[PDB]
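One structure is given below, encoded as structure tokens.
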Amino acid sequence: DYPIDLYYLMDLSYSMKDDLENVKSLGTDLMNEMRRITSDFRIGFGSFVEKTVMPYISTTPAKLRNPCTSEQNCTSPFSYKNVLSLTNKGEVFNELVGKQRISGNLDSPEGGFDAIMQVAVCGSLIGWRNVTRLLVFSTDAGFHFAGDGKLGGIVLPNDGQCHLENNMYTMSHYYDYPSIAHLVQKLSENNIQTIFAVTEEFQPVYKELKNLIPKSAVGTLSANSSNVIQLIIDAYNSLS
Amino acid sequence: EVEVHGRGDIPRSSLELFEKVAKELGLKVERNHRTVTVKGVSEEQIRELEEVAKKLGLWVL
Amino acid sequence: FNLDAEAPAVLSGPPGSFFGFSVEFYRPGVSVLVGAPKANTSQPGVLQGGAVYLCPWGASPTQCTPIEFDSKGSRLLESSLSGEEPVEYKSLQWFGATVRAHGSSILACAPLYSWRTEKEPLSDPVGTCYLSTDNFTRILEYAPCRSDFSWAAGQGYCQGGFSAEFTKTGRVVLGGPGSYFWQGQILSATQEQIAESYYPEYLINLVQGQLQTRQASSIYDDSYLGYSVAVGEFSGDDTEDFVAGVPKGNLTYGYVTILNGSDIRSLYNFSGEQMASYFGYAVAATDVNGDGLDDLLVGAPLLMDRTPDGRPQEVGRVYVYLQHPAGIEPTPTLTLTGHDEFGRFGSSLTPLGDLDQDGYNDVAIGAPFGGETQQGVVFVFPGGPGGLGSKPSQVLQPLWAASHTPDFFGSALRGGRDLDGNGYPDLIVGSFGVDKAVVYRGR
Ligand SMILES: *[C@@H]1O[C@H](CO)[C@@H](O[C@@H]2O[C@H](CO)[C@@H](O[C@@H]3O[C@H](CO[C@H]4O[C@H](CO)[C@@H](O)[C@H](O[C@H]5O[C@H](CO)[C@@H](O)[C@H](O)[C@@H]5O)[C@@H]4O)[C@@H](O)[C@H](O[C@H]4O[C@H](CO)[C@@H](O)[C@H](O)[C@@H]4O)[C@@H]3O)[C@H](O)[C@H]2NC(C)=O)[C@H](O)[C@H]1NC(C)=O
Ligand SMILES: *[C@@H]1O[C@H](CO[C@@H]2O[C@@H](C)[C@@H](O)[C@@H](O)[C@@H]2O)[C@@H](O[C@@H]2O[C@H](CO)[C@@H](O)[C@H](O)[C@H]2NC(C)=O)[C@H](O)[C@H]1NC(C)=O
Ligand SMILES: *[C@@H]1O[C@H](CO)[C@@H](O[C@@H]2O[C@H](CO)[C@@H](O)[C@H](O)[C@H]2NC(C)=O)[C@H](O)[C@H]1NC(C)=O
Ligand SMILES: *[C@@H]1O[C@H](CO)[C@@H](O[C@@H]2O[C@H](CO)[C@@H](O)[C@H](O)[C@H]2NC(C)=O)[C@H](O)[C@H]1NC(C)=O
Ligand SMILES: *[C@@H]1O[C@H](CO)[C@@H](O[C@@H]2O[C@H](CO)[C@@H](O)[C@H](O)[C@H]2NC(C)=O)[C@H](O)[C@H]1NC(C)=O
Ligand SMILES: *[C@@H]1O[C@H](CO)[C@@H](O)[C@H](O)[C@H]1NC(C)=O
Ligand SMILES: *[C@@H]1O[C@H](CO)[C@@H](O)[C@H](O)[C@H]1NC(C)=O
Ligand SMILES: *[C@@H]1O[C@H](CO)[C@@H](O)[C@H](O)[C@H]1NC(C)=O
Ligand SMILES: [Ca+2]
Ligand SMILES: [Ca+2]
Ligand SMILES: [Ca+2]
Ligand SMILES: [Mn+2]
Ligand SMILES: [Mn+2]
Ligand SMILES: [Mn+2]
């Protein structure tokens, strides 16, 4: 049977307080489902909120520690953070997904395109192999792209190179958001198929994005995770 | 009247709670997209609603 | 055609200062104003405050000197000294990111300037513009977005001065993309009103008679209105009408709005063509076809197109709408497409006047990352009776060898002035990637 590799990109902005349980259930259902149709696979996951610059986050010293409300705790924002590299032992994946915590942010759209670019380009560090690759992207908000960074004083276009240090993105303040063409080119080169597990409200916009990115699918994120699971099954069964 | 926006990167599950609490004391409520507004309540009621809105992290005008 | 580029005059600023982010002319003894966002000013307690350089044209080495728009540092908080705390934050304020001169009046804006409101310790980038009137006899401050509405739900994150323009009658137009949760806003005020209502004692100052857009419903959030501003006569009266870009308005398709000019009431909308094309990254208005009525040009640098083979490549596009006597149609009359991958074609447009001196205005379109070595390029398109030409009449590229960092050549343009006096208009191109600013002269 065909081997498969899957990576789970989780959004952790503050708008995910109502969707964290669904994301965790989706992780623990992807693992226990794909460990039944392939028998030879590796998965890992990551997280992202937004760039750490003047406009996108609150720069006051008090809010850097707790970007959320004073009642909740929350963790300080981070542009991207690869938490678990690809591995086959499911207990590690379940335990690491079950301990994730939410983080704060100011503006409604989230900068997941930096995370997608880093996942696509940083090959050895994540653990990509010469095998069919899958990338599931969960989000409750919109997305930035090239041209937004000029608000924050960032003008250098994202060069598309790997800049991962200590399993964390460190050049967020230095490079602009990647344009849609850059993501299309990088994903088409790396042979990675993207499945967006977005919330129902953002179904239209992402669906339009599905037209731009070849070989991509969009499902819905909820307690009934069956849609994206069936999308994974369809993608797997269509290989030749 | 009190305008409680809550339109940033915050959960919709908090804003909805507000509409519950406002409905708990039996008074007005008007909802626009990702916004709620309650008309002409009282003095103590306005204090209470402002306190709850602050506690749930919404920006109240 | 007639644009001599054998040896353009080149102005050099300090290293690592983004010298040339925005450029303009100033003829009250003609001179060239250039910006420097990351410049090391002499004002105490300020780091990379930025400034403007007034290079006086005519001198053999044209040694640019800065302008002391503001000497005081970050203002202390009132009643805090009664340790001290800065009430504003001038460090890394990107002062000089937009310089516009009309007559003897100069306007230098700072989008990234942020201040802490007295009521709460929050910080928000309101952004401020300094306006020097009657040469440099008096210099006033203008912070139309530094109102009493504190947080992002108000005008706190408006970042006014991100784009600015002068009209025919000296009316000042600013655009703040971040107002009302990044809905955007267009603010307008004549210089006389600012002077009359000026009051430096108080930080919060309400300019009487100011024109501005109002807050809309939450549907239109994250529209980034006011990302780029221009002026032109579209209604039919003698008052210049505003032109604003909304790159992420209609489901990230974007559009462009024309305003009533006297009431700021929406007149015409022009929609984008492809999602996430940044339709409205830069706008311009000029009479390309010589009919006597202004015509609209809108750029979109991120637009991608299918190669003849099939591979999708990012080139960028420019749309040209001709204003017929009756009205301005909502279908783009002519589209120009770039030819360099990742070229960011159409990210900055500028009318040039009758450069060829044939009775039709011409246009100049930049591409910061075009060319063989990705240094940058500028195209000069001619006008004509049928409208704008479809083929670049002239091509301009940097002379110096490519470095290890992008040059951003053509990222900021300006034209339509007879700098020397030879009777033909001239052009000025910014190259802030390596801190350069070149000037081309007509024949
Ligand atoms: C180009 O495209 C732009 C957008 O891209 C268009 O601009 C949009 O125009 C439409 C109408 O064409 C606007 O929608 C309508 O807006 C008002 C809503 O009220 C507004 O205007 C009032 C004017 O007096 C003002 O009082 C309102 O102020 C409110 O502010 C807040 C609301 O959040 C609230 O707290 C206050 O108390 C006020 O209520 C507000 O500014 C209205 O006309 C429409 O809603 C009414 O619809 C019918 C009326 O028949 C009625 O039954 C409804 O109950 C409701 O009252 C409608 O929402 C839209 O807001 C504009 N968008 C932007 C971003 O400006 C533009 O028109 C296009 N131009 C062209 C030429 O096509
Ligand atoms: C208009 O002003 C310019 C610029 O000078 C500015 O204003 C001065 C009063 C002073 O504040 C300077 O620091 C400002 O830069 C005058 O042009 C020349 O400016 C240079 C310095 O930039 C100065 O050394 C020259 O003497 C000025 N030229 C002359 C003839 O005095 C310009 O002259 C002024 N226009 C007038 C007076 O009509
Ligand atoms: C402005 O000046 C300051 C010092 O006053 C510069 O900061 C230092 O610059 C030197 C080079 O001149 C670097 O080697 C140091 O690392 C810098 N120290 C810092 C940033 O803490 C600053 O770079 C200057 N800015 C310019 C020239 O744009
Ligand atoms: C927002 O953009 C969409 C996408 O372009 C617009 O839908 C278009 O509508 C026109 C007629 O108005 C049709 O010719 C196009 O085919 C439509 N495109 C699609 C993809 O359906 C929509 O009209 C725009 N909305 C506003 C308010 O301007
Ligand atoms: C642009 O704005 C001006 C100013 O409001 C409009 O002129 C008004 O026109 C109405 C009739 O349509 C008159 O009743 C007002 O008295 C006029 N005001 C002034 C001071 O002239 C003009 O109509 C607007 N143009 C448009 C809508 O394109
Ligand atoms: C968050 O939790 C940590 C756990 O170590 C605790 O020390 C800290 O005080 C908490 N902060 C808030 C704001 O609740
Ligand atoms: C995959 O193929 C590439 C290209 O030849 C090679 O560099 C890499 O080592 C290969 N990886 C594996 C796991 O075979
Ligand atoms: C999800 O919905 C489908 C609808 O066909 C149903 O068959 C399935 O049992 C549901 N699964 C869960 C998570 O309850
Ligand atoms: Ca007019
Ligand atoms: Ca015309
Ligand atoms: Ca001509
Ligand atoms: Mn979010
Ligand atoms: Mn949610
Ligand atoms: Mn965000």
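Here Swiss-Prot sets the residue numbers for chain C, with the shown residues being 42-69, 73-126, 130-490 in order.
Quick reminder: no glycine exception, Cβ is built from N, Cα and C everywhere.
The disulfide bond recorded by Swiss-Prot for C:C108 joins it to C:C99 [selected from C:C99, C:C156]. Disulfide annotation in Swiss-Prot: C:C192 is bonded to C:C205, selected among C:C176, C:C205.
Flanking an unmodelled run of 3 residues are C:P69 and C:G73, whose Cα atoms lie 7 Å from one another. Compute the center of the Cβ atoms of C:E280, C:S282, C:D284, C:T286, C:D288, which mark the site for Ca(2+) 1; besides them, the chain residues with Cβ within 8 Å of that center are C:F281, C:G283, C:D285, C:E287, C:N307, C:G308, C:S309. In sequence order, C:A332, C:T333, C:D334, C:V335, C:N336, C:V367, C:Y368, C:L369, C:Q370 are the residues of the chain that are 6 or more apart from C:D342 (Ca(2+) 2 binding site) and have a CB within less than 8 Å of its CB. Within 8 Å of the Cβ centroid of the Ca(2+) 3 site, not counting the listed residues C:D401, C:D403, C:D405, C:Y407, C:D409, the chain contributes C:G400, C:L402, C:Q404, C:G406, C:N408, C:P429, C:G430. Around C:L340 (Ca(2+) 2 binding site), the same-chain residues at least 6 positions away in sequence with a Cβ under 8 Å from its Cβ are C:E280, C:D334, C:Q370, C:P372. Where the chain is interrupted between C:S126 and C:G130, 3 residues are left out of the deposited model, and the two C-alpha atoms stand 9 angstrom apart. For the repeat 'FG-GAP 6' (C:378-437), DSSP puts the residue distribution at 0 helix, 21 strand, 39 coil.
When Cα-Cα distances from C:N307 (N-linked glycosylation site) are compared across the recorded positions C:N84, C:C205, C:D401, the shortest belongs to C:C205.
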